[PDB]
Every structure is written in structure tokens, then in C-alpha cells.
Amino acid sequence: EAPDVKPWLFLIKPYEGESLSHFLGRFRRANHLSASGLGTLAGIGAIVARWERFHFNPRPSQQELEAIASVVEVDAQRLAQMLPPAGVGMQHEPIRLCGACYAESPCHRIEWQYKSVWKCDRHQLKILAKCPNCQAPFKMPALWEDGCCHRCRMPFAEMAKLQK
Amino acid sequence: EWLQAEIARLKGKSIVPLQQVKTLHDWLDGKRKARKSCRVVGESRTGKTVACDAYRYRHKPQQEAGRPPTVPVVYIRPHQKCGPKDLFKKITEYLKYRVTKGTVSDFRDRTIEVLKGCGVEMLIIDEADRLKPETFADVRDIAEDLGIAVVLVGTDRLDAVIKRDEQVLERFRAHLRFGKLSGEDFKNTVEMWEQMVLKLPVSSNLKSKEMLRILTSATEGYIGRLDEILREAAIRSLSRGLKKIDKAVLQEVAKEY
Amino acid sequence: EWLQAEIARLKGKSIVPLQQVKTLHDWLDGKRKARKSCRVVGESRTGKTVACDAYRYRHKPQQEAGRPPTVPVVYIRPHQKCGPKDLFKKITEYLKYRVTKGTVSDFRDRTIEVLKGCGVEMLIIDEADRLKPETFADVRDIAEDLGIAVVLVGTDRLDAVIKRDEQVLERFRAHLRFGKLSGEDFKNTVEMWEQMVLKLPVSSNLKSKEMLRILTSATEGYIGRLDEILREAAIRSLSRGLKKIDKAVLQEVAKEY
Amino acid sequence: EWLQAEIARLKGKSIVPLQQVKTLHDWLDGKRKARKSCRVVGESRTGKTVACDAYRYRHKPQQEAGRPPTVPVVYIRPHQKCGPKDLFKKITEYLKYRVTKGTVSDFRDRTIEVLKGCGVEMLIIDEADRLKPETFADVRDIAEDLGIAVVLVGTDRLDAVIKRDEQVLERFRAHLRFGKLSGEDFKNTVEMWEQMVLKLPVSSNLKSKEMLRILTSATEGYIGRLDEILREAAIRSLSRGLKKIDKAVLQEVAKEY
Ligand SMILES: Nc1ncnc2c1ncn2[C@@H]1O[C@H](COP(=O)(O)OP(=O)(O)OP(=O)(O)O)[C@@H](O)[C@H]1O
Ligand SMILES: Nc1ncnc2c1ncn2[C@@H]1O[C@H](COP(=O)(O)OP(=O)(O)OP(=O)(O)O)[C@@H](O)[C@H]1O
Ligand SMILES: Nc1ncnc2c1ncn2[C@@H]1O[C@H](COP(=O)(O)OP(=O)(O)OP(=O)(O)O)[C@@H](O)[C@H]1O
Ligand SMILES: [Mg+2]
Ligand SMILES: [Mg+2]
Ligand SMILES: [Mg+2]
Ligand SMILES: [Mg+2]
Ligand SMILES: [Zn+2]
Ligand SMILES: [Zn+2]
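Analysis parameters
- Residues numbered from 1 in each chain as written, not as in the entry; some residues may be left out.
- Chains lettered and ligands numbered in written order.
- Part of a larger assembly, values for the part shown.
- Heavy atoms only, no water.
- Pairing = 2+ DSSP bridges.
- Helix = DSSP H or I, 4+ residues; strand = E, 2+ residues; numbered from the N terminus.
- Axes fitted to C-alpha atoms, helices over the stretch in contact; angles between N-to-C directions.
- Contact = heavy atoms within 4.5 Å.
- Buried area = accessible area lost by both parts, 1.4 Å probe.
- Salt bridge = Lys/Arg side-chain N within 4 Å of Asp/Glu carboxyl O.
- Polar contact = N/O pair within 3.5 Å; in protein donor to acceptor, adjacent residues only side chain to side chain.
- Near = heavy atom within 4 Å.
- Areas by Shrake-Rupley, 256 points an atom, 1.4 Å probe, with all protein chains shown as cover.
- Nonpolar A, V, L, I, M, F, W, Y, C, P; charged D, E, K, R; others polar.

This entry, as listed in the PDB, derives from cryo-EM and reports a resolution of 2.3 Å.

You'll find chain B entered in the PDB entry as ShTnsC, with Scytonema hofmannii given as the organism. Anyone opening this PDB entry will find it titled "Conformational Landscape of the Type V-K CRISPR-associated TransposonIntegration Assembly CAST V-K composite map".

As recorded in the PDB entry, chain A goes by TniQ and comes from Scytonema hofmannii.

Enquirer: Would you take a moment to explain the sheet that holds strand β4 (residues 149-154) of chain D for this structure?
Expert: Sheets are built from strands that pair by backbone hydrogen bonding, the pairs being arranged parallel or antiparallel. All names here are of chain D. With parallel pairing, the five strands of this open sheet are ordered in space as β2-β3-β4-β1-β5. Single-partner strands in this sheet number two, and they are β2 (73-76) and β5 (175-178). Across this sheet, the average inter-strand angle for adjacent strands is 15°, counted without regard to direction. Where strand β1 (residues 38-42) lies against β5, four bridges are found, and the strand directions are parallel. By the bridge assignment for β5, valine 40 is matched with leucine 176.

Enquirer: What's the story with the interface of chain A and chain B in this structure? I'm lost.
Expert: Accessible area lost upon the coming together of the parts serves often as the stated size of an interface. In this assembly, 17 residues from chain A lie in contact with 21 residues from chain B. Note on chain A versus chain B: buried area summed over both sides is about 1900 Å², and carbon and sulfur give 63% of it. A salt bridge links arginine 98 of chain B to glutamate 73 of chain A; its shortest N-O distance comes to 3.3 Å. Counting across the interface, chain A meets chain B through ten residue pairs in polar contact.

Enquirer: For this particular structure, what's the right way to read the site of ligand 3?
Expert: Residues and elements named next belong to chain D. Taken together, 18 residues surround ligand 3, and among them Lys13, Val16, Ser44, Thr49 and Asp227 come closest. A distance of 2.9 Å separates a nitrogen atom of ligand 3 from a polar backbone atom of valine 16. For ligand 3, an oxygen atom lies 2.5 Å from a polar atom in the side chain of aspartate 227. A total of 640 Å² of accessible area belongs to ligand 3 in isolation, and the protein chains cover 90% of it. Those elements giving two or more residues to the shell around ligand 3 turn out to be α3 (48-58) and α11 (223-239). Considering only residue class, the shell around ligand 3 consists of six nonpolar, seven polar and five charged.

Structure follows, in C-alpha cells:
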């Protein structure tokens, strides 16, 4: 062993509005974990691959968030802030993006999936629901490694000027 | 009972500050400073493992909570027929990185990231002749892709294995030779063992010409045989109520070799 | 402290514009222009990797608005025993694409469309003898179906594996040999190291016959031995407070080889 | 110091441009131009090996910018009982290629490959009597299938080995005889050693009839005896503080033969 070392893992700081799908994707990339791997590591199994698609029948339970809060050092109350608050309706399929936010903070925001959200009040821009250059839909936020459209390679920060 | 505590002490292991150890450590400091890959070679039981194991404590980690530890020297002994995945497991388990499952590709990528994140500068591979010939490619890539001095340790069997792959041969050709003890160095070591290791109630005077003659014949200069003979001789002496290693007890032990 | 910055420099690598490198670059330009597959072969530590790697830096990618980047030359080094899917992943990841799921056929197909999407014209596979035998079939397909100058790099081990598939032997028939240094060219490389690499405050006259003698015996013409010897000798000399390499330090280094 | 520098020089070897060396070189140049195989035969220590070394140094490899070298003359000395794989390994390593692990057939085909492309015109096999009888078939095939002048070198023991196989005998029928020195040629050779080899501060006057008498009795015309007597006599003389060889020291050495 390395003497006086504590068993450790690569951590990531969650951004102020980062979605759980985006967060788990970064944590998985930081540790080169497959989606099945993190679920086995937390012991919740295939559930992680389901959450990364925003498939929330059922929602992330107290048990499973506290389980993920054992391998991720982020506490379960902060993990619950990566999800819609109680009774806020959300949509999983059309993945959406502000772009002007992504130039400031490279994360998907869970509020971009709310059924009540359509503009960024900070930027006063209509949030995108597909790539404005090539019309390809955005991939699940767990897969936003490159920070660009997977088809035409336009960076999300440039898509800010193609909004509203 | 006092006897049970002396046996519990004598059956154990200790590190004596031999000049051979000092010579290796100063040499490793230069190789670590230059990040040069090299090999340590010497016949069996000459103290290579103990001297290399002593070097990692001399560079013990520093860590902050929620961070990878700073670990300048990694030491691993692979198991026999170590393939690349087991190599990556040994490294990440030494650094106590928590991910123990995944493909060889994940284990490679996590290992290179862990080595970089922990700031490793020297990797010591003890009994490196246990590595499979295909896994030396990953060892070479650690030394090339990262600024890491890789140190291969083994017996002359390692010199044979390295010559079968020119790419390893031309990377690891700087070497240190571990020697057996002889002459006055052996006589000096025998008296250090009595005073630092055995610490029996009464002086055995192993330094004496006749005791030194027995030890010289039985040890052949192997430090492993010196330690194993003198500790067992002490344990036998103490168990029969002697206060010192007697001639007859040392001869009883020596005639087992 | 001044010493720390020089040691931190001397432990690092640098690129020297040797005529051996210029020869490959002009030759690779001909094979790329003619869109011709070929191979690069030479003994270990002759500098093949550094010359090929320098060539990739000489032709960094280019971009246009709302278009993927264009990447004139791709340089990859497979991991040992590279299977087809991991070669596609290597190429895909170099082009910054990602492919999380698929059959090997799907990885192949995605590779073909991203290669032609970025319009690459030369693919250099360094240590191509790490490819699995079947992976050369897919390498052959990528060469023919798209018209990429595939450049295989290796030691004489690469020639030994290429002789085992007639179709690989046929399309990679053209080759360049990396030689070792010799004669006045070795001497010129020694002085290029003194002034363009070592840069120590006082000259060492390593170009002198008595220095060239020990250097020739220790280096034997391998540019990797030359670099590793002189950098350690410089680091050792500065650690001793010397302003230069001394013959005695150069002897102390050369004794290890 | 003077003495140790002079001793270190005299201890060594050097090449003197004797007429019999030039005679062989012009003959080998004819045979190489014609690609005619032949043999060189002469008594032990008559200088055959040095003259063959001098030839391949006058016809060393030529570089052509990333091509394999053009190497018109290959010189090998087989180890005792040289089998075919040993022979192929000798040839391949001379051409600066590493022998990859494989069968005799792989070694043959690789050797045949690199004898072409390197443009080898002449292969000199010194101590050709060390070849196993089955190895001569592969030597004959190199001469037959490539246009290569193979030169077998040996003593009269070679002329007996060759006559045990008509197919070898009939191919290497043309020969040159290396002779011993005598007469005026020996007197000139002694003069040249004094001036060009020993280079003592003071003239040893080895042309003198009394000195020639000693030298002729002990040397018996063998250039090997001439060299190794005069060097040892010079080393003995300098060690005694003499600045030349003298008759007493020369007789003291010559008495041991
Ligand atoms: N510095 C030391 N201080 C005390 N005991 C030592 C020391 N070095 C060696 N020994 C004794 O010798 C034994 C053998 O030493 P060690 O394990 O280091 O040998 P080795 O050279 O690595 O052998 P091998 O090549 O056979 O694996 C130790 O277990 C210990 O009993
Ligand atoms: N052009 C160069 N400029 C400076 N240093 C060089 C150059 N070429 C080689 N070196 C030195 O020699 C070392 C070995 O060179 P390189 O990595 O290119 O080896 P290689 O020929 O690809 O060998 P192998 O076939 O064993 O992988 C380098 O890491 C560097 O220290
Ligand atoms: N041209 C020469 N110049 C200087 N010394 C020479 C020369 N030729 C021979 N010698 C001396 O004679 C010694 C014997 O010569 P050499 O090795 O060439 O003999 P050889 O004919 O190949 O003998 P053998 O058949 O016994 O192997 C040399 O090692 C050297 O000391
Ligand atoms: Mg819908
Ligand atoms: Mg050991
Ligand atoms: Mg290389
Ligand atoms: Mg000879
Ligand atoms: Zn916004
Ligand atoms: Zn797009």
C-alpha cells in the first residue's frame, strides 16, 4: 500500500444548476466508468443508465440517491437539487440548451427540461431544442463530452448567437 | 512471559541500514531526479526487496481530504504471469484508487490518469521478470507517456527476459548490481546483527574468528541466510534458557544448510 | 533556486532538427502527396517516433465556419494487441468523435465516415506491430476504400509480422529505413546536443576526441542513449555544482551502460 | 603519465600497409567486379584476417538518405560449428538488421532479402572451416542465386574441408595463397614496425644483422610473431626505463618461443 493514504476516487464539483444526467456523465468520464459500472459500484444496478436518459418512472428514490451519495461525495440533498423539485413537470425527450449559459458554465441545466421553461431569463434568449446550424437533436446530457454538436461539430458556445 | 515476547520479536523482520541499502537509495534518488528508467539486478536473497521496500517509506505520501494523494514512489510486486490488467490493478490498488472493476481499456486509462493525478515520479517493479512479454509494452508507455522513472528489479533471470525484446533492452539498460557480502563487510554486518537485530541479554561475540568461520561457511555471504540463521539460533538458545547464542546451537543450525 | 529550473528543464524532452528527421518529412510528403501507403522501420531508439510525431505537429488541423475540422495527418499509437474495435476507437478519439455503443461493423462504418468527413490524407500507425493480425485486414480496407496514405512504423519486428500476410506485404511494400548515427554525423549530433540541448553555462567540448571516444562506446549511435546519457550527466554535474559535464561524471554515467 | 599511455598504445593492435595486404585487395577487387567466388588460404598468423578487415573498412557501407545502406562487402567470422541459422544471423546483424525470432526458413528468407537491397557484392567468410558441412549448401545458394562473390578464408585446414565436398570444391576453385615473410621483404617489414608501430623515443636499430638474426630465428616469418614479440619487447623495455628496445630484452623475450 501507499502508507497513510485514504481510499479515494476522482471527484467533480456540481455546478449551480447542473442536471443529474450531466453530472453523472462527468463523474463517469472523470473515472472512465461505464453507466452500468457506476450502477454496480453504487449497487443500484442498471438504474443509472435509466436516470441518464431522464427516465424517471419511478423518480430517484431516497434510497438510491443516498446510495449514489456514497460513491459520489455529493450529499443526497444536493443530488435532489439536480432534479425537478416536487410537482415540477419535466420532459425527458426534447433535450434543450441555452448556449449562452454553456459559454459561462459547461453544463446542462435541469430547468431546461421543465415544461414551464422556454426562455433563459438571464440571457433573454429562447432556449434551443436542436442544433440551430444542422438541426440535429442534442444527445443526453451524460454524453456532452465535447461541448459541441455531434454532427456538425459547432460548439454550444457559438450556438448562443443563433438563438431567439 | 518475557520469553514469548523475545520470540515474537525475533521471528519478525527488521531493516538494518547497510551500505548496500544506502548505495541503492542514493542511486534511485538520481534516477528519480532525472526520471530515467533503469534496472536493479542481483542474485537471490541479496537484499534487493528490503532495500527497495525501504525506499518507498523514505518518500511516504502526503494527502489532503478529497484529493488524490501525492505519492512520489510507487512500489509493486506483480504476481507470476502478470498480464496488463493485473499490472493496472496492482498500481491503482497501491494508490488506493477505489475503482476495481472494468475492461482492460478502462483499467489502462484510469491507471494513466491515477499515475498523473498522484504526481508519481518513480515506479518500482520488483521481480519484473514476472511480467508477461506483452505487458512490458504498457510499462514502456508509462515511462514514455509520463515523466516516470520505471525501475525493474530482479535476479539474472530479468537480464535474460529483457534481452528478448530490443525495445525494453534499449530503455532499461542503465543498471545497478547488488552484491553478496564478503570479507570485512560481512564481518561488519555480523556484529551489526548481534547489536541491532538479536539484542540478546549476553554478547554471543559472533564477530569472533571461530563464530565468523561458522557463519562464513553457512551463509556464503547471503544476507538472507545470515538473518535466517542468527534469528533461529537466538530463538533456540533462548528457548533452552541460554542468554547468548552458544557455539553448539549455532553449529546445530548451520548443519541444517 | 536556479538549480531546480535547470534540472526541471534537463529532465524534459526536446526536438532537435536532425537531417534524419528532415529526410522522413520530405519522404512522408511524397507518400502523402502520392497518397501512397508505406512503412517506416528501424532499430529501437533511432528516433522514428519523435520524427513522426514532429511531422504531425507540422500539419496541425484546420477549420471552417460551421464545418468539422480538417485533419491532414492522423498520428496514433495503438495499445499492445490492438483489436479492430480499439483501433477504430483510437482513430475516432483522435478526430474527437465518440462512439459509445455498436458492433465492430458499426465502429468500422463510423470510422469510415469520420475519416472522409475530416478528409484525412495520411494515417501513421506507430508501433503497428501492436496490431492484432486480423486488424491489418481492416487497416488494408481503410487504405484502399478511402485512399489514405497509411504509414506503418515499427522495428524489424514490423517487417516480421508484415511478411505473414501477402496483402499487407503488397500494399505496404514501399519503406524508409531509420539508421543509427555514425562517423562525423554522430559527432555533429553531439555538438548539436551540447549547444541546442544541454545549454550549460560553460562548454564541455563533448565534440573532443576523448569525449567522443567514451560517448561512441556508450551511445553506439542510438540517439536515445545519447540523449539519456548527456541529460543525466548534465543533471549529475549541476548537482555536483559543476558548470559543465566533466569527463569523470561522463565516465560515471557511461559505466552504467 | 608517459609510461601508461605508451603501454596502453603498444598493448593494442594496428594495421600496417604491407604489400601482401595490397595484393589481396587488388585481387578481391577483381573477384568482386567479376562476382567470382574464390578462397584465401595461408598459414596461421600470416595476416589474412587483418587484410580482410582492412578491405571491408575500405569498402564500408554507404548511406543514401533513408534507404538501407549500400553495403558492397560483408565480412563475417562464424563461431565454431556454425549452423545455417547462425550464418544467417551473422550476415543479418552485419547489415544492421535485428534478427526477429523465427525458423531457419524465416532467417534464410530475411537474409536473402537484405543481401538484396543492401546491394552486397562480396561476402567474406573468415574461418570458413568453422562452418558445418550442411551450411556450405546455403553459402553456395547465396553465390548461385544472388550475384555475390563469396570468399572463403582459412588455413590449409579449409583446403581439406572443401575437398570433402565436390560441389564446394568446384565453386571455390580459384584461390590466393597468403605467404610468410622472408628475405628482403622481412627486413623491410622489421624497419616498418620500428618506425610505424613501436615508435619508441630512440631508434632500436632493428635492421641490424644481430637484431635481424634474433628476430628471424624467433619470428620465422610469421607477422603475428613479429608483432607480438616487438610489442612485448618494447613494453618490457619501457617498463625498465629504457627508451629503446635492446638486444638483451629482445633476446629475453625471443627465448620464450
Ligand atoms: N537491509 C536488511 N536488513 C535486515 N534484513 C535484511 C536486509 N536485507 C535483507 N534482509 C534479510 O534477507 C532476506 C532476503 O532479502 P530480500 O527479500 O530483500 O532479498 P532479494 O534480493 O529481494 O531476493 P530475491 O531476489 O530472491 O527475491 C530478508 O527477508 C531479511 O531476512
Ligand atoms: N529528433 C530528436 N530530437 C531529440 N531527441 C530525440 C530525437 N529522436 C530521438 N530522440 C531521443 O531518443 C529517444 C528515443 O527516440 P524515439 O522515441 O523516437 O524512439 P523510436 O525510434 O521510436 O524507438 P522504438 O522503436 O524503440 O519505440 C527520445 O525519447 C529522445 O530522448
Ligand atoms: N597488416 C598487419 N598490420 C599489423 N599487424 C598485423 C598485420 N597482419 C597481421 N598482423 C599481426 O599479426 C597477428 C595475426 O594476424 P591475423 O589475425 O590477421 O592472422 P590470420 O592469418 O587471420 O591467422 P589465423 O589463421 O591463425 O586465424 C595480428 O593480430 C597482428 O598482431
Ligand atoms: Mg414530445
Ligand atoms: Mg525479492
Ligand atoms: Mg517509437
Ligand atoms: Mg583469423
Ligand atoms: Zn442562458
Ligand atoms: Zn449541428
